[PDB]
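Coming up is one lone chain in structure tokens, specifically the form deposited in one PDB entry.
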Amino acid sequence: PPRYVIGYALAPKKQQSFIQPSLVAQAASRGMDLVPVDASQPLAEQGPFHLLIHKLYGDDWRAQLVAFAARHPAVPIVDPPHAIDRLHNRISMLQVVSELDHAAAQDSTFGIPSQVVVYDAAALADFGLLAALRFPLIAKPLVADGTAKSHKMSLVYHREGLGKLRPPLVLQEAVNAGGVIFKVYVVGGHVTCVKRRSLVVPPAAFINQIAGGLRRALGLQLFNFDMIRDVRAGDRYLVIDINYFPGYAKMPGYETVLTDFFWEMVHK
């Protein structure tokens, strides 16, 4: 029976969290060898791979990945750098949601929250529209990715606290949220979901339809989304983040899901 190299290109802190003995063992036992990509050596120079997974950001890496991709058409990349680029900018991140409008009328509806972009300290002070905003506000830096430390979301109650943030940033209103957040982890066509008190769980078929959509639209095997209930109508949900290749190490039995996923991908 043949054997399958899974190359992996991840920042140290991600490797420490993601690549765990339990993942490495389970994969090995099923015939798949997780193998670190040398960061000090062209990806093209490096050994044959049956699958490449990565979560690195650079014009350098983009370049090597495209050389590889154009040299090795048959080898899956998880995920293709094009598709990852769309979620880097917080306001261009929800662009792709709107895309599967033709989802389900059922007894649940899903939408994207309207957002406000402030590029300079000047506008933070002078922009009239900021004064007609309801607090608290969810504030995210406009171009995240998950590199630079402060590229996670935060909560602004005082309008003072808003003028202490560093632009460029995106804002959305948190007032119809009920104060709850549901983090949904997606691996290919699998869905796993976790509750988290911010600052009455959605139907499983709805969460599955949306993940189904996001996956189609995003062209991404590895993401999560945050949604909230619109507490006005009782039965409506909003997609508020989409973070690529999230911390699966945090959901339990991820080893099994991800090995099951690696397996699917190397018989593709």
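All residue numbers refer to positions in the sequence shown, first residue = 1.
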Unresolved deposited residues in the interval that joins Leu199 and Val200: 10 or more
Comparing mean C-alpha B factor in the record for 149-157 and 122-130, the higher one is 149-157
Can you let me know which of the two, 175-183 or 138-146, has the higher average C-alpha B-factor in the entry? 138-146
Candidate residues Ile112, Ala103, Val78, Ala83, the one whose C-alpha B factor the record puts highest: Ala103
Per the deposited B-factor column, the C-alpha that peaks among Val239, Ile210, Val66, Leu43 belongs to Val66
Divide the modelled residues of the chain into thirds by Cα B-factor and specify which third, lowest, middle or highest, holds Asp60. highest
Of the three thirds of its chain by CA temperature factor, lowest, middle or highest, which one includes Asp235? highest
Using the B-factors in the PDB entry, rank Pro252's C-alpha atom against the chain and give the third, lowest, middle or highest. highest
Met32: C-alpha B-factor third of its chain, per the entry, is the lowest
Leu52 by Cα B-factor - lowest, middle or highest third of the modelled chain: lowest
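What follows is about the form solved in complex with a small molecule, which we do not show.
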Okay, which stretch from 93-101, 142-150, 68-76, 117-125 lines the small molecule in the deposited bound form, with non-hydrogen atoms inside 4.5 Å? 142-150
Is there any non-hydrogen atom of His88 lying within 4.5 Å of the small molecule in the deposited bound form? no
If we define contact as a non-hydrogen atom of the residue within 4.5 angstroms of the partner, is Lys164 a contact of the small molecule in the deposited bound form? no
Answer with yes or no whether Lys55 is in contact with the small molecule in the deposited bound form, where contact means some heavy atom within 4.5 Å. yes
Going by a heavy atom distance of 4.5 Å, is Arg197 a contact of the small molecule in the deposited bound form? no
Please state whether every one of the three residues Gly188, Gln221 and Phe261 places a non-hydrogen atom within 4.5 angstroms of the small molecule in the deposited bound form. no
